[PDB]
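> Once you've seen the sequence and the experimental structure below, I've got questions.
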Amino acid sequence: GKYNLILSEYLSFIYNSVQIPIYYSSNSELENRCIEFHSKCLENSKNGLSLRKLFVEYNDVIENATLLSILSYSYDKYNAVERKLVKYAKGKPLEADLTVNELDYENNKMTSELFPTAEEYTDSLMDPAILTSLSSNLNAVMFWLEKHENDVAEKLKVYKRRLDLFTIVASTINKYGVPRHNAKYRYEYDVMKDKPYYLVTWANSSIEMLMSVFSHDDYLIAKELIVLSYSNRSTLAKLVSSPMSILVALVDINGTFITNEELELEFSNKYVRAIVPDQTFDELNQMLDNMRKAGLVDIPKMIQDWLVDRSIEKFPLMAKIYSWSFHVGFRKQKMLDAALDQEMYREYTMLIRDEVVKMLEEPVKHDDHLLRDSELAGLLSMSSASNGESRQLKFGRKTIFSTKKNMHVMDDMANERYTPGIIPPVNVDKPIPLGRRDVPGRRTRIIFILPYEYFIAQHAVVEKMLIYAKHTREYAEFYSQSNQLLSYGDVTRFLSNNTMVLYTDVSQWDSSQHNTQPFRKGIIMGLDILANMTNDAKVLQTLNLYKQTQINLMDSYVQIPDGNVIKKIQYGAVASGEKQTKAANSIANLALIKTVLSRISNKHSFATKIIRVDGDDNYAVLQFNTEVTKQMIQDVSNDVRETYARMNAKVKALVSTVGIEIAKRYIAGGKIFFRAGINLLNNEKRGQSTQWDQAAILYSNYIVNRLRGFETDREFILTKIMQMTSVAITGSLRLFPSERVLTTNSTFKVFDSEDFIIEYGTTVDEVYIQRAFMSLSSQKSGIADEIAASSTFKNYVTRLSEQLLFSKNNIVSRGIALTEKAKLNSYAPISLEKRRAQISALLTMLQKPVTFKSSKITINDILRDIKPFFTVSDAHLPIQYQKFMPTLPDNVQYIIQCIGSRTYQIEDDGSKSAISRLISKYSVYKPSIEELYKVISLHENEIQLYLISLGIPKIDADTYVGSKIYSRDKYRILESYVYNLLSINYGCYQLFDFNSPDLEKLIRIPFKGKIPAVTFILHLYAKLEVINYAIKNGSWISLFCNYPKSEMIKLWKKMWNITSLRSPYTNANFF
């Protein structure tokens, strides 16, 4: 509710020259009243008359109706920024020490210097890539200051800090003026030509950080990073963070949580003295010195103060620094520079091959259908395939520039060009294009761009590999539904005064030219061993083709650009872009640690308690037949590093007894920590999202950060959403959508009216509007249909089906078509056509509805029904579980303190149902949860044919149709579908133990009848309600349910008719 009013301040603030609110309502009489009020308002304003009398004359509308949006009639130029900024340009502009960046262009020179001519300029090195403007950020920041220019006490101090800092930004920007952004939110050459090239991105990062300060320390930190970043743009993030790895080893462990036999976090009182060798301390001093010799002052001092007592109680600060260092921006260097950085392997490669074999040993001999029909599966998977060059195409009688790999298959099949048995050579003749991945505080890494023959020859094998990983704990990333918490508990588990932990950072090793030979040799060798295990042509064909991918790779040239020209150099290193990348990479990393660990054993005798891999990090807790001495840790670390050295591999091999740090999570003090640095006002790359989705994505990012540590002031975020959602109907009239429009659960929902809490239509208006929004949810694309009209699409679908179907498969057939018609929009002409057209419908939609033939039901309709049958009464819950994720906001942390947390994901795809397993056991097809949901809701007779249509044997198909297991399977499919619709696995809920004994007691539900469906929803609805109350009140409530037996049947029908609401931005899923 505060969002709608706040928006008024923002509009009045920006415009000084009318504001015509717009109210809608389910009530019919009120609605006409709303229209009268609206009509009179325009007339009064377009006649320069008051509006105070009208508002009094429509108190019913203000008080009883819903605000739909607020129109804004303006007539200036939106150049209020130039005028407002000057008041803050009092400070002295910053001067960048152009003598800081090893790479010339990394230095913050004058654009006209880095790019003398227009045809030479390229924002490719600083592009915020975000659909919001710098002026907007400046405008948004100014609005907050105007509003909090009179706050008192501590609130004021936040202002003084915010005021000070902002001045650095205002003062510097003012010197060169505020850069103007074009429709594409890019920054052209003329505006940029006389300004410090890295200005715009810097302002975003400085603004993002200064609007994230609260305590004094935040200020020094925001202040130091803000200033040094202006000149340093290549080591500030790396330097500020770097010491965090050594710091974790420093603090002891006073009580920590572990992983018990039931693989659930269990509080242990164990104590472990964090003992570190002398040399390790020096390593940390150098990190501090490097930080110091680089300009830093206060931040280094802080860590220094921390090291005097190294009290986990004062560790929170060390965390704020490591998280903050990331908000300095993205290191976007020239592609070539990024590309440029790139006998005793018998033991190493041997393990890689062997691991490959195990993952594919049983499947190969049996002649798994997946291996035999690998071509269809890979073909089907294309939707979840990488990306290829934006080729040229023709379908029917037109031309397009699609970059999606799946479409390439369509053009090629309908052109006799499709030839998967022949995987294009990736060398001098036909080199590999290039893609990239940027990340704060790390050298840019490149991404191959192999054709589709490569994905196809890699999907089945990798998929089969993963299943093995899925049940192997060594691969801490894949194992079961495991969440990061399980991984956290496993490490603390064996930690004792007779066991030292060892972590590494093999990121560079995965791209070390040295690595490619072994890596490829092992994969190929294993394929050879597997091939001499079967006599199946389909499998051997697949086993062989995969082998070739490695051979073509062994010698791969790269189409590396070097200006407006495309050079072409060699490349003896391995990069990402293959299916096997993430999976195979782990195999190698695991293979590497096994090799190093075994070799070091020659000297000291230990016991490998646990070994794990996780992308660019691999660790292990080894136990010693005696107490660990500083000398011992120093010796083992040396032996480990030298070993890594012998294999000529750049790595960060550290060793501790109580903590570990890695790219995804750091365990300092026996407590689990997560970094919180997701740049909010500077995106990595310019995707295909829209301004609206950009905002919902921004809010998602904000919540993840708040949950992890970093916290950008929510008022600022509200301001951005206000700027990002608004849309103009004229050149002097913008339409700012209301809070109800913005937060109501729909396909346009951007945020929540209370972070961490999701609401659902409870009032008539919310539902009235809720049903109304679904209407214009999916608007056809005058391209996505014609594409399915050409022989190409029809041949491709039929061609895929002809080898997938037998009977009348159309339920399956209808889905495949939309499977493509759902991604096809990607193609600019379709995403842009749909996005631009949506605005006309959306603008008109706010105008006048009242005419909708609703009939479809959703979670909103179902939940609204159950509400009246729940009787709430104050209940009490004591805090018993300790803390292990110290950064969690108090309200969130409180729930875990009372009901606990889970170290698992809640099955939300039906993957663990008997029917699914059967469909998988024989057919390669993979029906989504939605399909399983629709299929399960069918009659026994229909369901039986579905299985046959895919290939399940009739004896077996018939057994399922009757069997008791099928009935239960009907319950499980619904459960997965429901949980999916509640995002119970994403957001903050993924951190709550929804089966907590403590939470369960607070719910009271009598079994009117053994009806698993209804009993299930009443309970989950009961649990969500209690949790949400907890978050928004700090106190608990107990719910009672007396749902009549009659009502249950009506509700039961509703359960199998719930539709969805797409919006992917809501994505908060972080661990």
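Nice, thanks for sending it over. Numbering: from 1, shown residues only.

> And the strands in the stretch 751-900 of the chain, which stretches?
870-875 (DSSP state E, counting those that start in this stretch).

> how about the helices in the stretch 1-150 of the chain?
2-14, 28-45, 52-56, 59-64, 80-85, 111-114, 134-147 (DSSP state H, counting those that start in this stretch).

> Next: the stretch 801-950 of the chain.
Under DSSP H, counting those that start in this stretch, the stretch 801-950 of the chain gives helices at 810-821, 828-847, 859-866, 890-899, 914-922, 929-936, 940-950.

> Which one, of these, ends up nearest to residue 565?
Counting by CB to CB, residue 565 lies closest to helix 828-847 out of these; the figure is 25.4 Å. In short, each C-beta sits where N, CA and C put it, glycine included.

> Next, format the helices of the stretch 801-950 of the chain as CSV and append mean neighbour count and distance to residue 700.
Shown next, in CSV, are those (neighbours: other CB atoms under 10 Å; distance: least, CB to CB, whole Å):
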stretch, mean neighbour count, distance to residue 700
helix 810-821, 16, 25
helix 828-847, 15, 19
helix 859-866, 19, 20
helix 890-899, 20, 16
helix 914-922, 18, 29
helix 929-936, 20, 22
helix 940-950, 17, 37
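
> which stretch among these comes nearest residue 164?
Nearest of those (CB to CB): helix 890-899, 27.9 Å.

> How far off centre is the closest one?
Centroid separation for helix 890-899 versus its chain: 24 Å, with CA atoms, centre = their mean, to the nearest Å.

> Tell me how the protein divides into domains.
1-79+683-751+1060-1071, 80-232, 233-250+276-333, 251-275+476-505+581-682, 334-382+424-475+506-580, 383-423+752-853, 854-906+993-1059, 907-992 (curated CATH domains).

> what number of residues lie near residue 319?
For residue 319, the count of nearby residues is 23 (other CB atoms under 10 Å).

> whoops, I mixed them up, residue 260
12.

> With adjacent residues omitted, what lies nearest to it?
With sequence-adjacent residues excluded and distances taken as CB to CB, 6 or more residues apart in numbering, residue 260 is closest to residue 266, at 4.3 Å.

> Using the three-state scheme, assign the one you found.
strand (DSSP: H, G, I helix; E, B strand; the rest coil).

> I'd like to know which of the helices of the stretch 801-950 of the chain is closest to residue 327.
Across the helices of the stretch 801-950 of the chain, closest to residue 327 is helix 890-899 (CB to CB), at 21.5 Å.

> Of the helices of the stretch 801-950 of the chain, which is nearest residue 307?
The nearest among the helices of the stretch 801-950 of the chain, by CB to CB, is helix 890-899 at 27.1 Å.

> I'd like to know which elements the closest one is packed against.
helix 997-1001, helix 1012-1031 (3 or more CB pairs under 8 Å, 6 or more residues apart in numbering; DSSP states H and E).

> which of these sits most buried?
helix 1012-1031 (a mean of 19; mean count of other CB atoms under 10 Å).

> strand partners of the next helix or strand after that helix, parallel vs antiparallel please.
Once the chain leaves helix 1012-1031, the next helix or strand it forms, by DSSP states H and E, is strand 1036-1041. Using DSSP bridges, strand 1036-1041 pairs in its sheet with strand 870-875 (antiparallel), strand 1003-1004 (parallel).

> Show me the one of the helices and strands packed on helix 890-899 that comes nearest residue 944.
Of all those, helix 1012-1031 comes closest under CB to CB, at 22.5 Å.

> Quick one: residues in contact with that closest one.
Helix 1012-1031 has contacts (CB atoms under 8 Å, 6 or more residues apart in numbering) with 754, 756-758, 862-863, 866, 869-870, 872, 877, 891-892, 894-895, 898, 971, 974-975, 978, 982, 989, 992, 994, 999, 1002-1003, 1005, 1007, 1035-1039, 1041, 1043, 1048, 1051-1052, 1055.

> out of everything not next to it in sequence, what's closest to residue 431?
Excluding its sequence neighbours, the residue lying closest to residue 431 (CB to CB, 6+ apart) is residue 557, at 4.0 Å.

> How about residue 188?
residue 182 (6.1 Å).

> Can you tell me the element the one you found falls in?
Residue-wise, residue 182 maps onto no helix or strand under DSSP H and E.

> from here on, count from 32
All set: I'll call the first residue 32, so the last point we hit is now residue 213.

> State the number of residues packed around it.
10.

> same check, this time on residue 324
Applying other CB under 10 Å, we find 11 other residues in the vicinity of residue 324.

> Distance check, it against residue 368.
24 Å (CB to CB, to the nearest Å).

> what do you get for residue 257?
In terms of CB to CB, residue 257 sits 26 Å off from residue 368.

> Looking at these two now, which is surrounded by more residues?
residue 257 (25 against 15).

> quick one on the thing from earlier: would you point to the one among the helices of the stretch 32-181 of the chain that's packed deepest?
helix 165-178 (a mean of 21).

> which secondary structure elements does that helix contact?
Using 3+ CB pairs under 8 Å, 6+ apart, helix 165-178 sits against helix 33-45, helix 111-116, helix 184-207, helix 230-241, helix 745-756.

> can you count the residues close to residue 180?
10.

> For it, which non-adjacent residue is spatially closest?
Nearest to residue 180 is residue 190, by CB to CB, 6+ apart, at 6.8 Å.

> Look up how far residue 50 lies from the one you found.
Residue 190 is 27 Å from residue 50, by CB to CB.

> helix or strand right after whichever strand or helix holds residue 622?
Assigned by DSSP H and E, residue 622 belongs to helix 611-632. Using DSSP H and E, the helix or strand that follows helix 611-632 in sequence is strand 637-644.

> Surely residue 1075 is in contact with residue 1037?
No. In this structure residue 1075 lies outside contact range of residue 1037 using CB atoms under 8 Å: 11.2 Å.

> which phi and psi does residue 530 have?
phi -160, psi 130 (degrees, to the nearest 10).

> got a list of what residue 660 touches?
Counting by CB under 8 Å, 6+ apart, residue 660 has contacts residue 306.

> Next: the one 10 residues further on.
Residue 670 sits next to 631, 634, 635 when contact means CB under 8 Å, 6+ apart.

> Out of those, which is nearest to residue 685?
Nearest member of those to residue 685, counting by CB to CB, is residue 631, at 14.3 Å.

> Test my guess that the closest one contacts residue 668.
No. Using CB under 8 Å, residue 631 makes no contact with residue 668, being 9.9 Å away.

> and the residue lying closest to residue 824 once chain neighbours are set aside, how many neighbours?
Closest residue in space to residue 824, ignoring its immediate chain neighbours: residue 818 at 5.8 Å, by CB to CB, 6+ apart. Other residues near residue 818 come to 23 when the count uses other CB under 10 Å.

> measure residue 818 to residue 482 for me?
21 Å.

> Ok, residue 558 next?
20 Å.

> re the thing from before, quick one: the helices and strands packed on helix 921-930 as CSV, columns for distance to residue 401 too.
Below are the helices and strands packed on helix 921-930 laid out as CSV (distance: least, CB to CB, whole Å):
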stretch, distance to residue 401
helix 1028-1032, 40
helix 1043-1062, 33
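
> mind checking how far the residue nearest to residue 962 when sequence neighbours are not counted is from residue 809?
Closest residue in space to residue 962, ignoring its immediate chain neighbours: residue 846 at 6.2 Å, by CB to CB, 6+ apart. Per CB to CB, residue 846 is found 15 Å from residue 809.

> One more: residue 748?
28 Å.

> who's more crowded, those two?
Neighbours per residue (other CB under 10 Å) separate residue 748 from residue 809, with residue 748 holding more: 22 against 11.

> If you drop the residues flanking it in sequence, what lies closest to that one?
For residue 748, the spatially nearest residue (CB to CB, 6+ apart) is residue 733, at 5.0 Å.

> if I pick residue 651, what's in contact with it?
Counting by CB under 8 Å, 6+ apart, the residues that residue 651 touches are 532, 533, 624, 628, 639, 640, 641, 642, 643.
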